[PDB]
Ligand SMILES: O=C(c1ccccc1)c1ccc(-c2cc(C(=O)O)c3cnn(Cc4ccncc4)c3n2)cc1
Ligand SMILES: [Ca+2]
Ligand SMILES: [Ca+2]
Ligand SMILES: [Ca+2]
Ligand SMILES: [Ca+2]
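In the entry's author numbering, the protein residues as written are 3 to 198, 201 to 437.
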């Protein structure tokens with residue numbers, strides 16, 4: 003009966019964030035609802051040969067939601083979802099948001115070891131996966147869950163076997179009866195994000213905070229109804245999902261275009277076929293694209309904006325993006341825990357090629373501290389500490405850790421080493437363990 007527990011912002015910060023218009027107290031489903039009202043038939047997702055309009059995405063996720071509610075899944079319940087980069091990922095996500103089921107999206111590259119840890123932490127009553135995944139190749143994993151009383155009441159499978167509950171069956175046809183359902187409240191948990201090294205920690209994200217990061221990111225990256233965003237990174241990743249990600253593109257009324265991964269030749273033909281004009285990558289993938297871009301120039305001419313985040317992205321490599329990939333560059337330094345930094349579209353070249361940008365919000369607060377947690381002199385290198393309208397206040401059910409990474413003012417210490425540049429942007433120089 004209880005809603006999932008999580009650490010709240012102080013009432014004072016929550017009020018401030020409402021006052022500024024960051025938190026508008028709407029569910030994440032807002033994105034679909036509004037899209038359906040404005041442009042029901044414009045494309046929301048392109049996946050292989052499939053094309054899903056906004057109203058289709060809306061109907062299909064409502065269908066699955068009704069089926070889950072009919073089975074008694076809802077508020078206070080959790081779910082574990084593990085799907086590849088396919089349209090069903092978003093249908094399921096919006097379905098669970100609609101039903102008020104708090105979902106953890108595992109990476110498709112996660113294995114039974116991680117899945118096991120996730121299941122023990124959130125005890126899902128719903129598990130959705132794919133038979134084509136190693137862990138669900140057989141029933142060894144599922145069975146082993148019964149041997150510990152951690153079996154989900156419901157298990158849906160993509161690429162299902164005849165004796166499976168077929169994910170597409172539950173999506174394609176509504177329930178026989180009508181049970182009532184609705185999203186969890188806007189300042190309560192919507193879903194779990196995952197930290198990015202020894203088994204991902206769970207980051208509760210509320211509707212308010214996530215929708216805000218999405219809406220504000222979309223504005224920063226100039227998304228609009230003509231945006232076609234390649235989704236070649238894992239769909240569940242905070243970067244690919246919200247920065248600005250698929251949610252940001254849907255917020256702006258554009259279209260997400262799926263790819264299994266960042267493999268250059270496949271991505272290039274997808275980009276060409278659908279005239280993709282935006283993409284998001286990590287440096288190792290940018291390098292793969294650079295190796296082939298000269299020869300396949302014609303195929304990627306439609307790219308207008310490439311976001312790059314993660315790892316290390318030296319200036320000399322960054323300059324190759326507009327030079328070889330023939331599109332604008334935007335650097336992104338963010339974290340599933342909250343804070344995201346973007347270079348702005350009207351930043352100087354120097355800023356874009358040598359910094360990782362600046363926070364989404366004027367109310368993203370940042371401390372850069374020395375070994376004694378004193379703020380360093382302006383411009384020096386220090387440890388990042390941060391808080392804001394979309395940065396979390398603690399990991400799920402982890403009081404000991406939380407106390408280790410938050411200070412008395414609820415600043416989060418990400419471990420990143422950073423310096424502020426004179427222009428105002430941030431440069432990430434390393435990481436502290
Ligand atoms: O494509 C993947 C991936 C992840 C797991 C399995 C397979 C692929 C992927 C995608 C993004 C990152 C990744 C890693 C870092 C980092 O500091 O280590 C990082 C820092 N900023 N960003 C951009 C970012 C933006 C928003 N939220 C979080 C991160 C990063 N993205 C790392 C990996
Ligand atoms: Ca269609
Ligand atoms: Ca171009
Ligand atoms: Ca060029
Ligand atoms: Ca970190």
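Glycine residues also receive a C-beta, built at the ideal position from the N, C-alpha and C atoms.
Check: residue i C-beta below 7 Å from any heavy atom of ligand 5
i	result
residue 78	no
residue 247	no
residue 339	yes
Residue i: CB within 7 Å of a non-hydrogen atom of ligand 3
i	result
residue 284	no
residue 225	no
residue 299	no
residue 273	no
residue 331	yes
residue 305	yes
residue 22	no
Residue range of the alpha helix (DSSP H) that includes residue i
i	result
residue 253	249-255
residue 274	268-278
residue 286	Unbroken run through residue 286: none, as it is neither H nor E.
residue 40	32-40
residue 321	319-322
residue 237	Counting along the chain, residue 237 falls outside any alpha helix (DSSP H), and DSSP gives it neither H nor E.
residue 409	403-409
residue 81	Taken as a continuous stretch (DSSP letters only), residue 81 belongs to no alpha helix (DSSP H), being part of the beta strand (DSSP E) at 80-83.
residue 358	353-358
residue 146	142-148
residue 173	169-174
Residue i and residue j closer than 8 Å at C-beta
i	j	result
residue 106	residue 183	no
residue 415	residue 406	no
residue 309	residue 282	yes
residue 130	residue 94	yes
residue 257	residue 40	yes
residue 92	residue 59	yes
residue 159	residue 138	yes
residue 135	residue 84	yes
residue 56	residue 34	yes
residue 216	residue 25	yes
residue 133	residue 161	yes
residue 390	residue 370	yes
Residue i, buried or exposed, once every other Cβ within 10 Å from all chains shown has been counted against 16
i	result
residue 145	exposed
residue 377	exposed
residue 201	exposed
residue 115	exposed
residue 436	exposed
residue 43	exposed
residue 424	buried
residue 13	exposed
residue 289	buried
residue 22	exposed
residue 266	buried
residue 315	exposed
residue 298	exposed
residue 90	buried
residue 279	exposed
residue 164	exposed
Residue i - containing beta strand (DSSP E), residue span
i	result
residue 390	386-391
residue 313	309-313
residue 260	259-262
residue 129	128-132
residue 345	342-346
residue 371	369-373
Residue i beta carbon near ligand 1 (any heavy atom closer than 7 Å)
i	result
residue 325	no
residue 255	no
residue 237	yes
residue 292	no
residue 262	no
residue 243	yes
residue 419	no
residue 34	no
residue 313	yes
Contact test: residue i Cβ vs ligand 2 heavy atom, cutoff 7 Å
i	result
residue 53	yes
heavy atom of ligand 6 below 7 Å from residue i C-beta
i	result
residue 58	Among the ligands modelled here, namely ligand 1, ligand 2, ligand 3, ligand 4 and ligand 5, ligand 6 does not occur.
Any non-hydrogen atom of ligand 4 within 7 Å of residue i CB
i	result
residue 65	no
residue 328	yes
Review point. Is the number of C-beta pairs between the stretch 322-340 and the stretch 180-194 that are closer than 8 Å three or more?
Key: no
Point to revise | Validate contact between the stretch 59-78 and the stretch 96-111 using beta carbons, cut 8 Å, 3 pairs | key: yes
Practice item. For the stretch 360-367 and the stretch 220-239, state whether three or more C-beta atom pairs, one from each stretch, are separated by less than 8 Å. Key: Three or more Cβ pairs drawn from the stretch 360-367 and the stretch 220-239 lie within less than 8 Å of each other, which places the two stretches in contact.
Exercise for review: Assess, as a yes-or-no matter, whether the stretch 269-277 is touched by the stretch 320-328 under the definition of 3 or more beta carbon pairs within less than 8 Å.
Suggested key: no
Check your understanding: Are the stretch 418-431 and the stretch 375-392 in contact at 8 Å, needing three or more beta carbon pairs?
Key -> yes
Review point. Any contact of the stretch 234-243 with the stretch 256-266, i.e. 3+ C-beta pairs under 8 Å?
Key: yes
Review point. At a cut of 8 Å, does the stretch 163-181 reach the stretch 71-82 through at least three beta carbon pairs?
Key: These segments touch.
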